[PDB]
$ cat my_file-v5.pdb   # PDB, C-alpha atoms and all ligand atoms
ATOM      1  CA  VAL A  19      27.688 -27.519  -0.512
ATOM      2  CA  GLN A  20      24.303 -26.874   1.091
ATOM      3  CA  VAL A  21      25.970 -25.998   4.409
ATOM      4  CA  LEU A  22      27.447 -22.871   2.789
ATOM      5  CA  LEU A  23      24.431 -21.906   0.646
ATOM      6  CA  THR A  24      22.472 -21.070   3.829
ATOM      7  CA  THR A  25      24.844 -18.660   5.592
ATOM      8  CA  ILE A  26      25.312 -16.688   2.364
ATOM      9  CA  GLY A  27      21.535 -16.638   1.911
ATOM     10  CA  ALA A  28      20.832 -15.325   5.408
ATOM     11  CA  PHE A  29      23.128 -12.341   4.827
ATOM     12  CA  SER A  30      21.613 -11.883   1.346
ATOM     13  CA  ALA A  31      18.044 -11.875   2.715
ATOM     14  CA  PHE A  32      18.395  -9.856   5.929
ATOM     15  CA  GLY A  33      20.682  -7.270   4.324
ATOM     16  CA  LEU A  34      18.234  -7.083   1.405
ATOM     17  CA  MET A  35      15.042  -6.794   3.477
ATOM     18  CA  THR A  36      16.445  -4.018   5.677
ATOM     19  CA  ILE A  37      16.974  -1.971   2.507
ATOM     20  CA  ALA A  38      13.400  -2.407   1.240
ATOM     21  CA  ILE A  39      12.036  -0.993   4.517
ATOM     22  CA  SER A  40      14.631   1.815   4.663
ATOM     23  CA  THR A  41      14.297   3.623   1.324
ATOM     24  CA  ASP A  42      10.861   5.179   0.747
ATOM     25  CA  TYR A  43      10.253   4.303  -2.904
ATOM     26  CA  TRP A  44       7.533   1.660  -2.623
ATOM     27  CA  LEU A  45       4.451   3.240  -4.229
ATOM     28  CA  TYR A  46       4.164   5.784  -7.056
ATOM     29  CA  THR A  47       0.960   7.847  -6.924
ATOM     30  CA  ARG A  48      -0.172  11.200  -8.306
ATOM     31  CA  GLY A  80       1.703  15.878  -8.775
ATOM     32  CA  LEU A  81       3.631  12.608  -8.926
ATOM     33  CA  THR A  82       4.753  11.943  -5.335
ATOM     34  CA  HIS A  83       6.549   8.681  -4.604
ATOM     35  CA  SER A  84       5.367   6.983  -1.417
ATOM     36  CA  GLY A  85       7.102   4.905   1.246
ATOM     37  CA  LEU A  86       6.710   2.912   4.456
ATOM     38  CA  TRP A  87       6.938   5.372   7.359
ATOM     39  CA  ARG A  88       7.068   8.691   5.464
ATOM     40  CA  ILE A  89       6.418   9.864   1.900
ATOM     41  CA  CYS A  90       8.583  12.464   0.153
ATOM     42  CA  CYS A  91       6.450  14.591  -2.156
ATOM     43  CA  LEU A  92       7.431  15.722  -5.648
ATOM     44  CA  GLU A  93       5.836  18.330  -7.928
ATOM     45  CA  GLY A  94       3.812  19.513  -4.934
ATOM     46  CA  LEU A  95       4.137  23.301  -5.507
ATOM     47  CA  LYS A  96       7.648  22.890  -4.103
ATOM     48  CA  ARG A  97      10.889  21.641  -5.642
ATOM     49  CA  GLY A  98      11.829  19.247  -2.841
ATOM     50  CA  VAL A  99       9.502  18.353   0.043
ATOM     51  CA  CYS A 100       9.469  15.237   2.223
ATOM     52  CA  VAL A 101       7.113  15.184   5.225
ATOM     53  CA  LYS A 102       5.990  12.397   7.545
ATOM     54  CA  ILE A 103       2.550  10.857   7.079
ATOM     55  CA  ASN A 104      -0.073  11.259   9.814
ATOM     56  CA  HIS A 105      -2.368   8.268  10.334
ATOM     57  CA  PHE A 106      -4.562  10.256  12.750
ATOM     58  CA  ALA A 117     -12.457  -1.708  16.198
ATOM     59  CA  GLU A 118     -10.659  -0.614  13.026
ATOM     60  CA  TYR A 119      -8.012   1.253  15.052
ATOM     61  CA  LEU A 120      -5.962  -1.950  15.378
ATOM     62  CA  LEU A 121      -5.158  -1.825  11.652
ATOM     63  CA  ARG A 122      -4.034   1.820  11.688
ATOM     64  CA  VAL A 123      -1.459   1.328  14.454
ATOM     65  CA  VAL A 124       0.010  -1.705  12.674
ATOM     66  CA  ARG A 125       0.296   0.310   9.456
ATOM     67  CA  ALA A 126       1.922   3.206  11.326
ATOM     68  CA  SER A 127       4.121   1.050  13.584
ATOM     69  CA  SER A 128       5.331  -1.250  10.816
ATOM     70  CA  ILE A 129       6.307  -4.255  12.939
ATOM     71  CA  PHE A 130       5.526  -7.095  10.510
ATOM     72  CA  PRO A 131       7.935  -5.960   7.732
ATOM     73  CA  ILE A 132      10.498  -5.473  10.529
ATOM     74  CA  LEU A 133       9.823  -8.649  12.530
ATOM     75  CA  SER A 134      10.760 -10.636   9.418
ATOM     76  CA  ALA A 135      14.154  -8.907   9.470
ATOM     77  CA  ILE A 136      14.548  -9.650  13.189
ATOM     78  CA  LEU A 137      13.912 -13.350  12.566
ATOM     79  CA  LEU A 138      16.307 -13.388   9.601
ATOM     80  CA  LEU A 139      19.185 -12.325  11.869
ATOM     81  CA  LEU A 140      18.167 -14.713  14.657
ATOM     82  CA  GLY A 141      18.202 -17.548  12.127
ATOM     83  CA  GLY A 142      21.362 -16.230  10.498
ATOM     84  CA  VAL A 143      23.291 -16.753  13.731
ATOM     85  CA  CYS A 144      21.703 -20.165  14.371
ATOM     86  CA  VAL A 145      23.241 -21.575  11.186
ATOM     87  CA  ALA A 146      26.452 -19.765  12.159
ATOM     88  CA  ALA A 147      26.581 -22.137  15.159
ATOM     89  CA  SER A 148      27.543 -25.033  12.868
ATOM     90  CA  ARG A 149      31.278 -24.506  13.449
ATOM     91  CA  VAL A 150      31.323 -23.524  17.132
ATOM     92  CA  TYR A 151      29.602 -26.075  19.391
ATOM     93  CA  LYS A 152      29.259 -28.536  16.516
ATOM     94  CA  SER A 153      28.019 -32.156  16.533
ATOM     95  CA  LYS A 154      24.767 -30.964  18.131
ATOM     96  CA  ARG A 155      22.507 -32.056  15.226
ATOM     97  CA  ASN A 156      19.629 -30.079  16.789
ATOM     98  CA  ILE A 157      20.478 -26.367  16.454
ATOM     99  CA  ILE A 158      19.980 -26.485  12.671
ATOM    100  CA  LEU A 159      16.296 -27.308  13.183
ATOM    101  CA  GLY A 160      15.931 -24.156  15.286
ATOM    102  CA  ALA A 161      17.013 -22.121  12.256
ATOM    103  CA  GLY A 162      14.521 -23.768   9.897
ATOM    104  CA  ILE A 163      11.665 -22.521  12.075
ATOM    105  CA  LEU A 164      12.827 -18.894  12.164
ATOM    106  CA  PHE A 165      13.553 -18.893   8.424
ATOM    107  CA  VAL A 166       9.901 -19.726   7.681
ATOM    108  CA  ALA A 167       8.343 -17.779  10.576
ATOM    109  CA  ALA A 168       9.778 -14.638   8.973
ATOM    110  CA  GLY A 169       8.077 -15.491   5.682
ATOM    111  CA  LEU A 170       4.697 -15.654   7.411
ATOM    112  CA  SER A 171       5.338 -12.244   8.998
ATOM    113  CA  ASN A 172       6.533 -10.864   5.630
ATOM    114  CA  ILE A 173       3.440 -11.724   3.582
ATOM    115  CA  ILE A 174       1.349 -10.303   6.438
ATOM    116  CA  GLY A 175       3.281  -7.023   6.366
ATOM    117  CA  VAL A 176       2.007  -6.496   2.813
ATOM    118  CA  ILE A 177      -1.630  -7.423   3.480
ATOM    119  CA  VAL A 178      -1.777  -4.762   6.198
ATOM    120  CA  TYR A 179      -0.004  -2.380   3.792
ATOM    121  CA  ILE A 180      -2.264  -2.878   0.757
ATOM    122  CA  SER A 181      -5.533  -2.895   2.715
ATOM    123  CA  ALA A 182      -4.508   0.385   4.375
ATOM    124  CA  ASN A 183      -3.253   1.910   1.111
ATOM    125  CA  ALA A 184      -6.617   1.925  -0.673
ATOM    126  CA  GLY A 185      -8.502   2.543   2.580
ATOM    127  CA  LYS A 196      -9.075   7.021 -11.468
ATOM    128  CA  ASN A 197      -5.942   7.396  -9.329
ATOM    129  CA  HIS A 198      -3.507   5.062 -11.089
ATOM    130  CA  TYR A 199      -0.827   3.926  -8.628
ATOM    131  CA  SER A 200       2.127   1.638  -9.341
ATOM    132  CA  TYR A 201       4.684  -0.250  -7.258
ATOM    133  CA  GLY A 202       8.239   1.058  -7.319
ATOM    134  CA  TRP A 203      11.480  -0.878  -7.510
ATOM    135  CA  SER A 204      11.897  -0.595  -3.732
ATOM    136  CA  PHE A 205       8.651  -2.505  -3.128
ATOM    137  CA  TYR A 206       9.766  -5.451  -5.273
ATOM    138  CA  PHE A 207      12.838  -5.863  -3.051
ATOM    139  CA  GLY A 208      10.599  -6.964  -0.185
ATOM    140  CA  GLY A 209       9.184  -9.658  -2.445
ATOM    141  CA  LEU A 210      12.652 -11.172  -2.785
ATOM    142  CA  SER A 211      12.802 -11.242   1.030
ATOM    143  CA  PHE A 212      10.005 -13.857   0.958
ATOM    144  CA  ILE A 213      11.113 -16.037  -1.964
ATOM    145  CA  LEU A 214      14.656 -16.265  -0.585
ATOM    146  CA  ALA A 215      13.109 -16.905   2.850
ATOM    147  CA  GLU A 216      11.513 -20.139   1.569
ATOM    148  CA  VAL A 217      14.555 -21.422  -0.334
ATOM    149  CA  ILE A 218      16.559 -20.849   2.849
ATOM    150  CA  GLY A 219      13.782 -22.596   4.789
ATOM    151  CA  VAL A 220      13.962 -25.736   2.637
ATOM    152  CA  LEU A 221      17.767 -25.842   2.565
ATOM    153  CA  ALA A 222      18.129 -25.498   6.353
ATOM    154  CA  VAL A 223      15.694 -28.298   7.212
ATOM    155  CA  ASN A 224      16.997 -30.646   4.499
ATOM    156  CA  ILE A 225      20.419 -30.576   6.167
ATOM    157  CA  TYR A 226      18.821 -31.477   9.507
ATOM    158  CA  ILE A 227      17.180 -34.512   7.888
ATOM    159  CA  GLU A 228      20.450 -35.647   6.299
ATOM    160  CA  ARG A 229      22.305 -35.215   9.599
ATOM    161  CA  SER A 230      19.805 -37.438  11.422
ATOM    162  CA  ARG A 231      19.738 -40.046   8.638
TER     163      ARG A 231
ATOM    164  CA  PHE B 487     -44.083  28.346 -49.949
ATOM    165  CA  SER B 488     -44.686  25.066 -51.756
ATOM    166  CA  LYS B 489     -45.505  21.676 -50.281
ATOM    167  CA  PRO B 490     -42.703  20.251 -48.100
ATOM    168  CA  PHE B 491     -40.425  18.114 -50.260
ATOM    169  CA  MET B 492     -38.561  16.793 -47.197
ATOM    170  CA  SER B 493     -39.483  16.278 -43.548
ATOM    171  CA  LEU B 494     -37.029  16.531 -40.661
ATOM    172  CA  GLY B 495     -36.814  17.122 -36.929
ATOM    173  CA  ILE B 496     -34.481  17.865 -34.051
ATOM    174  CA  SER B 497     -32.537  14.614 -33.609
ATOM    175  CA  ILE B 498     -29.942  13.376 -31.119
ATOM    176  CA  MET B 499     -26.354  12.544 -32.085
ATOM    177  CA  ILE B 500     -24.201  10.484 -29.713
ATOM    178  CA  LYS B 501     -20.840   8.788 -30.120
ATOM    179  CA  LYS B 502     -21.209   5.342 -31.672
ATOM    180  CA  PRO B 503     -20.138   2.693 -29.122
ATOM    181  CA  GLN B 504     -17.198   0.716 -30.471
ATOM    182  CA  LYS B 505     -16.992  -3.074 -30.491
ATOM    183  CA  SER B 506     -14.954  -2.913 -27.246
ATOM    184  CA  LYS B 507     -12.838  -5.996 -27.883
ATOM    185  CA  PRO B 508     -12.010  -7.475 -24.451
ATOM    186  CA  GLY B 509      -8.405  -8.046 -23.494
ATOM    187  CA  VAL B 510      -6.611 -11.368 -23.652
ATOM    188  CA  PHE B 511      -6.659 -11.704 -19.838
ATOM    189  CA  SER B 512     -10.239 -10.481 -19.377
ATOM    190  CA  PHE B 513     -11.019 -13.505 -17.179
ATOM    191  CA  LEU B 514      -8.694 -12.073 -14.494
ATOM    192  CA  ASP B 515     -11.055  -9.103 -13.949
ATOM    193  CA  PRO B 516     -13.224 -10.341 -11.015
ATOM    194  CA  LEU B 517     -10.082 -10.499  -8.834
ATOM    195  CA  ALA B 518      -7.580  -7.654  -8.663
ATOM    196  CA  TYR B 519      -3.911  -8.063  -9.539
ATOM    197  CA  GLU B 520      -3.065  -7.795  -5.835
ATOM    198  CA  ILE B 521      -5.294 -10.794  -5.083
ATOM    199  CA  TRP B 522      -3.743 -13.035  -7.746
ATOM    200  CA  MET B 523      -0.192 -12.324  -6.574
ATOM    201  CA  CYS B 524      -1.105 -12.712  -2.896
ATOM    202  CA  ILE B 525      -2.640 -16.097  -3.753
ATOM    203  CA  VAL B 526       0.585 -17.287  -5.397
ATOM    204  CA  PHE B 527       2.715 -16.062  -2.489
ATOM    205  CA  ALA B 528       0.306 -17.727  -0.060
ATOM    206  CA  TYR B 529       0.392 -20.876  -2.207
ATOM    207  CA  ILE B 530       4.171 -21.254  -1.952
ATOM    208  CA  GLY B 531       4.051 -20.217   1.707
ATOM    209  CA  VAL B 532       1.593 -22.964   2.631
ATOM    210  CA  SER B 533       3.589 -25.542   0.656
ATOM    211  CA  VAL B 534       6.876 -24.764   2.416
ATOM    212  CA  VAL B 535       5.128 -24.817   5.802
ATOM    213  CA  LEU B 536       3.484 -28.145   4.947
ATOM    214  CA  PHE B 537       6.841 -29.650   3.957
TER     215      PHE B 537
HETATM  216  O1  LIG A 601       8.016  -6.931   2.188
HETATM  217  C1  LIG A 601       7.381  -7.568   1.039
HETATM  218  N1  LIG A 601       7.072  -8.860   0.939
HETATM  219  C2  LIG A 601       6.495  -9.082  -0.273
HETATM  220  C3  LIG A 601       5.981 -10.230  -0.909
HETATM  221  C4  LIG A 601       5.426 -10.126  -2.227
HETATM  222  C5  LIG A 601       5.394  -8.865  -2.894
HETATM  223  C6  LIG A 601       4.786  -8.756  -4.329
HETATM  224  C7  LIG A 601       5.566  -9.084  -5.467
HETATM  225 CL1  LIG A 601       7.275  -9.632  -5.276
HETATM  226  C8  LIG A 601       5.023  -8.987  -6.726
HETATM  227  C9  LIG A 601       3.689  -8.560  -6.886
HETATM  228  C10 LIG A 601       2.912  -8.235  -5.753
HETATM  229  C11 LIG A 601       3.449  -8.332  -4.487
HETATM  230  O2  LIG A 601       2.682  -8.005  -3.324
HETATM  231  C12 LIG A 601       1.290  -8.385  -3.331
HETATM  232  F1  LIG A 601       0.803  -8.304  -2.077
HETATM  233  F2  LIG A 601       1.167  -9.686  -3.768
HETATM  234  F3  LIG A 601       0.553  -7.533  -4.150
HETATM  235  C13 LIG A 601       5.896  -7.745  -2.269
HETATM  236  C14 LIG A 601       6.461  -7.846  -0.933
HETATM  237  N2  LIG A 601       7.010  -6.950  -0.097
HETATM  238  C1  LIG A 602      16.473   7.146   4.928
HETATM  239  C2  LIG A 602      17.885   7.715   5.038
HETATM  240  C3  LIG A 602      18.930   6.803   4.398
HETATM  241  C4  LIG A 602      18.679   6.593   2.908
HETATM  242  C5  LIG A 602      19.678   5.621   2.283
HETATM  243  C6  LIG A 602      19.398   5.376   0.802
HETATM  244  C7  LIG A 602      20.299   4.295   0.213
HETATM  245  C8  LIG A 602      19.927   3.954  -1.229
HETATM  246  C9  LIG A 602      20.693   2.742  -1.755
HETATM  247  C10 LIG A 602      20.209   2.308  -3.136
HETATM  248  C11 LIG A 602      20.888   1.026  -3.613
HETATM  249  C12 LIG A 602      20.353   0.555  -4.963
HETATM  250  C1  LIG A 603      10.195   7.168  12.963
HETATM  251  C2  LIG A 603      11.479   6.413  13.296
HETATM  252  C3  LIG A 603      11.765   5.291  12.299
HETATM  253  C4  LIG A 603      13.015   4.494  12.667
HETATM  254  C5  LIG A 603      13.222   3.289  11.753
HETATM  255  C6  LIG A 603      14.355   2.385  12.237
HETATM  256  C7  LIG A 603      14.400   1.059  11.478
HETATM  257  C8  LIG A 603      15.399   0.080  12.089
HETATM  258  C9  LIG A 603      15.324  -1.302  11.441
HETATM  259  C10 LIG A 603      16.277  -2.300  12.093
HETATM  260  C11 LIG A 603      16.180  -3.689  11.468
HETATM  261  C12 LIG A 603      17.161  -4.676  12.095
HETATM  262  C1  LIG A 604      21.473  -0.274   6.890
HETATM  263  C2  LIG A 604      22.317  -0.793   8.052
HETATM  264  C3  LIG A 604      21.532  -0.847   9.361
HETATM  265  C4  LIG A 604      20.952   0.512   9.745
HETATM  266  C5  LIG A 604      20.275   0.488  11.113
HETATM  267  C6  LIG A 604      21.262   0.196  12.243
HETATM  268  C7  LIG A 604      20.571   0.070  13.598
HETATM  269  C8  LIG A 604      19.748   1.308  13.947
HETATM  270  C9  LIG A 604      19.016   1.159  15.279
HETATM  271  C10 LIG A 604      18.146   2.372  15.600
HETATM  272  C1  LIG A 605      -2.931 -10.254 -13.287
HETATM  273  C2  LIG A 605      -1.507 -10.740 -13.553
HETATM  274  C3  LIG A 605      -1.123 -11.919 -12.663
HETATM  275  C4  LIG A 605      -2.041 -13.122 -12.867
HETATM  276  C5  LIG A 605      -1.672 -14.294 -11.961
HETATM  277  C6  LIG A 605      -2.620 -15.479 -12.133
HETATM  278  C7  LIG A 605      -2.295 -16.624 -11.177
HETATM  279  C8  LIG A 605      -3.285 -17.781 -11.303
HETATM  280  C9  LIG A 605      -2.978 -18.916 -10.328
HETATM  281  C10 LIG A 605      -3.047 -18.463  -8.871
HETATM  282  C1  LIG A 606      16.073 -29.270  -2.399
HETATM  283  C2  LIG A 606      15.590 -28.114  -3.273
HETATM  284  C3  LIG A 606      14.276 -27.519  -2.771
HETATM  285  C4  LIG A 606      13.810 -26.340  -3.623
HETATM  286  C5  LIG A 606      12.522 -25.716  -3.093
HETATM  287  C6  LIG A 606      12.096 -24.493  -3.900
HETATM  288  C7  LIG A 606      10.839 -23.836  -3.334
HETATM  289  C8  LIG A 606      10.416 -22.608  -4.139
HETATM  290  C1  LIG A 607       3.516 -11.745 -13.344
HETATM  291  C2  LIG A 607       3.015 -13.043 -12.715
HETATM  292  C3  LIG A 607       3.575 -14.279 -13.417
HETATM  293  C4  LIG A 607       3.029 -15.578 -12.827
HETATM  294  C5  LIG A 607       3.565 -16.812 -13.549
HETATM  295  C6  LIG A 607       2.972 -18.108 -13.001
HETATM  296  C7  LIG A 607       3.277 -18.304 -11.518
HETATM  297  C8  LIG A 607       2.684 -19.601 -10.972
END

$ encode --input "my_file-v5.pdb" --output "structure tokens"
Amino acid sequence: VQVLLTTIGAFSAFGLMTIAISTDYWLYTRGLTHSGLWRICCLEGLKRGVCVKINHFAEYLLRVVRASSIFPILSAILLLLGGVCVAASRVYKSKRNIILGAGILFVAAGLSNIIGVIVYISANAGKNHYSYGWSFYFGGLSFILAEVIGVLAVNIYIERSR
Amino acid sequence: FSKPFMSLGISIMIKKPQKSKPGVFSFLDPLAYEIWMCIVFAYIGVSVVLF
């Protein structure tokens, strides 16, 4: 039962996190122009449809991380590396040690996912009422499902050893 | 003219401040909404790592 709830969760967390970083509908500011991750597409900006890329230019280390969004992407890279580790349960089975290697990547992506928001909120503010769009809440599901998949992958490793 | 039957003067008129009833969650003011959510997500993150 739990052996199948992990492979379906890896493809439901990686395929869901790659969408949150793709569509640029994270933040809604004010004309009302919806924001994004790498570029914002303006609306009601003296033009019908305009979408231009943002220009970000020892505090310079935070600007490059916000521009080169590696933390919200590194979590997706670890989700696919852990998604193929649990896929190694059929081929080259009876190892009882490759499942533990997936429980580390499933939680290491959650640490790099919460960080990708701290560097995004601190750089956002750095009156004007701004809200979070539906595309920003998708990234939140990429962290909750990253912990349920991190508790279900290690629990199997404990049962296999016991 | 007769004796003044009423005294007056140039006065100031400002908007009366209302009671300003605080919200139900007024105790969550010293920390922003982003801080409270980040604490919860860090709370579950530390717990899973500790397990
Ligand atoms: O890639 C992403 N990982 C995420 C993890 C959490 C949230 C989030 C949610 Cl789900 C609700 C309310 C505030 C939130 O972010 C906060 F920083 F706490 F303000 C967004 C995320 N996006
Ligand atoms: C950035 C260029 C590709 C944009 C793709 C948008 C896909 C939206 C899917 C919405 C699903 C709810
Ligand atoms: C400015 C160029 C932006 C290109 C963004 C590519 C995102 C690829 C994500 C792959 C995740 C596995
Ligand atoms: C949404 C499906 C994945 C889109 C990206 C594919 C790889 C692009 C590398 C530049
Ligand atoms: C401001 C709306 C969210 C409040 C969350 C309070 C969490 C308290 C325990 C961390
Ligand atoms: C064996 C079930 C573990 C559930 C953990 C949930 C963490 C949010
Ligand atoms: C909108 C935030 C709800 C928080 C409920 C309590 C979480 C521990």

$ closest_residue --input "my_file-v5.pdb" --among "B:500, B:535, B:530, B:514" --to "ligand LIG 605 (chain A)" --atoms "all atoms listed in the file"
B:514

$ residues_around --input "my_file-v5.pdb" --residues "region 90-98 of chain A" --least-positions-apart "4" --cutoff "8 Å" --atoms "only C-alpha atoms" --output "ChimeraX atom specification"
/A:42,80-85,102

$ interface_residues --input "my_file-v5.pdb" --of "chain B" --to "chain A" --cutoff "8 Å" --atoms "all atoms listed in the file" --output "list in words"
residues 524, 527, 528, 531, 534 and 535 of chain B

$ closest_atom_pairs --input "my_file-v5.pdb" --of "chain A" --to "ligand LIG 601 (chain A)" --cutoff "12 Å" --atoms "only C-alpha atoms and all ligand atoms" --output "Markdown table"
| residue | atom | partner | partner_atom | distance |
| --- | --- | --- | --- | --- |
| A:31 | CA | A:LIG601 | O1 | 11.2 |
| A:32 | CA | A:LIG601 | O1 | 11.4 |
| A:34 | CA | A:LIG601 | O1 | 10.2 |
| A:35 | CA | A:LIG601 | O1 | 7.1 |
| A:36 | CA | A:LIG601 | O1 | 9.6 |
| A:37 | CA | A:LIG601 | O1 | 10.2 |
| A:38 | CA | A:LIG601 | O1 | 7.1 |
| A:39 | CA | A:LIG601 | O1 | 7.5 |
| A:40 | CA | A:LIG601 | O1 | 11.2 |
| A:44 | CA | A:LIG601 | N2 | 9.0 |
| A:45 | CA | A:LIG601 | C13 | 11.3 |
| A:85 | CA | A:LIG601 | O1 | 11.9 |
| A:86 | CA | A:LIG601 | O1 | 10.2 |
| A:128 | CA | A:LIG601 | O1 | 10.7 |
| A:129 | CA | A:LIG601 | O1 | 11.2 |
| A:130 | CA | A:LIG601 | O1 | 8.7 |
| A:131 | CA | A:LIG601 | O1 | 5.6 |
| A:132 | CA | A:LIG601 | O1 | 8.8 |
| A:133 | CA | A:LIG601 | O1 | 10.6 |
| A:134 | CA | A:LIG601 | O1 | 8.6 |
| A:135 | CA | A:LIG601 | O1 | 9.7 |
| A:168 | CA | A:LIG601 | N1 | 10.3 |
| A:169 | CA | A:LIG601 | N1 | 8.2 |
| A:170 | CA | A:LIG601 | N1 | 9.7 |
| A:171 | CA | A:LIG601 | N1 | 8.9 |
| A:172 | CA | A:LIG601 | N1 | 5.1 |
| A:173 | CA | A:LIG601 | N1 | 5.3 |
| A:174 | CA | A:LIG601 | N1 | 8.1 |
| A:175 | CA | A:LIG601 | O1 | 6.3 |
| A:176 | CA | A:LIG601 | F1 | 5.4 |
| A:177 | CA | A:LIG601 | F1 | 6.1 |
| A:178 | CA | A:LIG601 | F1 | 9.4 |
| A:179 | CA | A:LIG601 | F1 | 8.4 |
| A:180 | CA | A:LIG601 | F1 | 6.8 |
| A:181 | CA | A:LIG601 | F1 | 9.6 |
| A:183 | CA | A:LIG601 | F1 | 11.4 |
| A:200 | CA | A:LIG601 | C10 | 10.5 |
| A:201 | CA | A:LIG601 | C10 | 8.3 |
| A:202 | CA | A:LIG601 | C13 | 10.4 |
| A:203 | CA | A:LIG601 | CL1 | 10.0 |
| A:204 | CA | A:LIG601 | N2 | 8.8 |
| A:205 | CA | A:LIG601 | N2 | 5.6 |
| A:206 | CA | A:LIG601 | CL1 | 4.9 |
| A:207 | CA | A:LIG601 | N2 | 6.6 |
| A:208 | CA | A:LIG601 | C1 | 3.5 |
| A:209 | CA | A:LIG601 | CL1 | 3.4 |
| A:210 | CA | A:LIG601 | CL1 | 6.1 |
| A:211 | CA | A:LIG601 | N1 | 6.2 |
| A:212 | CA | A:LIG601 | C3 | 5.7 |
| A:213 | CA | A:LIG601 | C3 | 7.8 |
| A:214 | CA | A:LIG601 | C3 | 10.6 |
| A:215 | CA | A:LIG601 | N1 | 10.2 |
| A:216 | CA | A:LIG601 | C3 | 11.6 |

$ residues_near_ligand --input "my_file-v5.pdb" --ligand "ligand LIG 607 (chain A)" --cutoff "9 Å" --atoms "all atoms listed in the file" --output "list in words"
residues 522, 523 and 526 of chain B

$ build_atoms --input "my_file-v5.pdb" --residues "region 215-226 of chain A" --atoms "N, CA and C atoms" --output "short mmCIF file (atom, residue, chain, number, x, y, z; two decimals), keeping the file's coordinate frame"
data_model
loop_
_atom_site.label_atom_id
_atom_site.label_comp_id
_atom_site.auth_asym_id
_atom_site.auth_seq_id
_atom_site.Cartn_x
_atom_site.Cartn_y
_atom_site.Cartn_z
N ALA A 215 13.39 -16.40 1.51
CA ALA A 215 13.11 -16.90 2.85
C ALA A 215 12.55 -18.32 2.84
N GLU A 216 12.00 -18.77 1.72
CA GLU A 216 11.51 -20.14 1.57
C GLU A 216 12.58 -21.08 1.03
N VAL A 217 13.43 -20.61 0.13
CA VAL A 217 14.56 -21.42 -0.33
C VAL A 217 15.55 -21.65 0.80
N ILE A 218 15.71 -20.66 1.68
CA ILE A 218 16.56 -20.85 2.85
C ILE A 218 15.85 -21.66 3.93
N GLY A 219 14.52 -21.76 3.87
CA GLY A 219 13.78 -22.60 4.79
C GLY A 219 13.66 -24.05 4.38
N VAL A 220 14.00 -24.36 3.13
CA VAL A 220 13.96 -25.74 2.64
C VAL A 220 15.38 -26.30 2.64
N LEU A 221 16.37 -25.42 2.54
CA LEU A 221 17.77 -25.84 2.56
C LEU A 221 18.32 -25.99 3.97
N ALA A 222 17.69 -25.36 4.97
CA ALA A 222 18.13 -25.50 6.35
C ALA A 222 17.53 -26.73 7.02
N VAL A 223 16.32 -27.11 6.63
CA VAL A 223 15.69 -28.30 7.21
C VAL A 223 16.18 -29.56 6.51
N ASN A 224 16.50 -29.48 5.22
CA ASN A 224 17.00 -30.65 4.50
C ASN A 224 18.32 -31.12 5.07
N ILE A 225 19.16 -30.19 5.53
CA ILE A 225 20.42 -30.58 6.17
C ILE A 225 20.15 -31.29 7.48
N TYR A 226 19.16 -30.83 8.25
CA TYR A 226 18.82 -31.48 9.51
C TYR A 226 18.34 -32.90 9.29
#
